[PDB]
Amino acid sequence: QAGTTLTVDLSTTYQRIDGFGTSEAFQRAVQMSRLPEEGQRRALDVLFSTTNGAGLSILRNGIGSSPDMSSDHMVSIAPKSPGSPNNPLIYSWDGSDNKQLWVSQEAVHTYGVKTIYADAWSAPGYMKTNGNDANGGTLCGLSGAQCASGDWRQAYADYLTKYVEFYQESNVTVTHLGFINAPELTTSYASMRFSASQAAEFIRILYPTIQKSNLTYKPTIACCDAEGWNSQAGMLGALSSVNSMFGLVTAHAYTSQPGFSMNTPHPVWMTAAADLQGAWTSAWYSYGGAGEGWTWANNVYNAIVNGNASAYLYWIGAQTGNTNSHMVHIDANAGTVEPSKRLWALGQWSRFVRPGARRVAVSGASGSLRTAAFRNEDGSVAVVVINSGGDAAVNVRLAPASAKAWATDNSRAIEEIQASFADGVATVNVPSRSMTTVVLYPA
């Protein structure tokens, strides 16, 4: 009764955490590149810094499919048809990749990010049944997708391998590689329709292409960036024959929520979520609205604890405009960068739950407290406390030599709070309507 005691049971383990992150696809990287130098550095710091930012540990890039950079389109490394799929692809590398190469180089070389996930939303138009990287259509040569122009399946595998090679030659290792996005959805923008059976057919072609290549690191193939857990779970049966040839399951949080554990041997990443419809809000908590930082801290909780996610990526990091599609507002007029409390929600996770952490059991939670715990590779134990009540006296212990704690709330952005430590037990005052992380350090 001297506070509520949370007890971590290290002997009960769950999934590994690969990390937390976002994207700068569809020219959002270009928006960041336009800022003055101080704004560029502030945007990169708030995304990736483990000292003064969210410490995001994963970057997701788009493999551009478009003929040019009209609108927000991502130009392809091979934007012009070679006529026949038997002819060498025509590579036209611009040394930029829609400004994503720069963001990647900063993430890796400046901030120590080690996980780079490159995903194509479509093949180039000349490889597809409709001849266009937009408006759906399918990769020519897959079962049920004949094209007058012939079979482009091996050409698409060669093209994806070459994109990874261009990154390698620019000193960035792509670690994970996707070849579809929302394969169940036709849209006005870059989109491509594959069945689950077609995804397995293509993995059988892509895997040996990667393995035979001159790539120094062979990236892990991912599938399939469906728009929700329910749609992705429907694809896993057909994928199971190629489980030896890919190593990551990906899905978003749009058409359904990440609320159950999918039946796959692979780690599962939630690779895109956002309040796409909402006008810009910056607040941590007011009433649990769809754009509030509090809401997003709880969305991450749900994906990890209920959805068995090993990673969580918000859709976009920094971009211009007054929607909640992003975490960090760019004001091009002012040359300024202003994080929302959605950035700090994701960072309140990512700063303390580092890649390779193992989720472990913690008991003592309640109506007012939701808790989760993570054992980092360095032996630190991060205990997440999401508090929907008033200030709460909490003790945190293992069933350690020191402790620290940080909170995010309406007044704090991952700000240190007192963690009073005696004989292995941390005592904190978890602020009202906060997400607090208490970290127990080993001797």
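Numbering starts at 1 and runs along the sequence shown.
Higher mean CA temperature factor between 236-244 and 299-307: 236-244, per the PDB entry. The PDB entry reports B-factors from which the mean C-alpha value can be compared for 168-176 and 138-146; the larger average falls on 138-146. Highest CA B-factor among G131, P258, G112, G347, as stated in the entry: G131. Comparing C-alpha B-factors across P219, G288, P355, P208 in the deposited entry, the largest value falls on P208. Per the deposited record, the Cα B-factor of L59 falls in the lowest third when ranked against the other modelled residues of its chain.
Among the modelled residues of the chain, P431 sits in the middle third by CA temperature factor in this PDB entry. In the deposited entry, the Cα temperature factor of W294 sits in the bottom third of values across the chain's modelled residues. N376: CA B factor in the lowest third of modelled residues in this chain (values from the PDB entry). Annotation for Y159: CA B-factor lies in the middle third of the chain's modelled residues.
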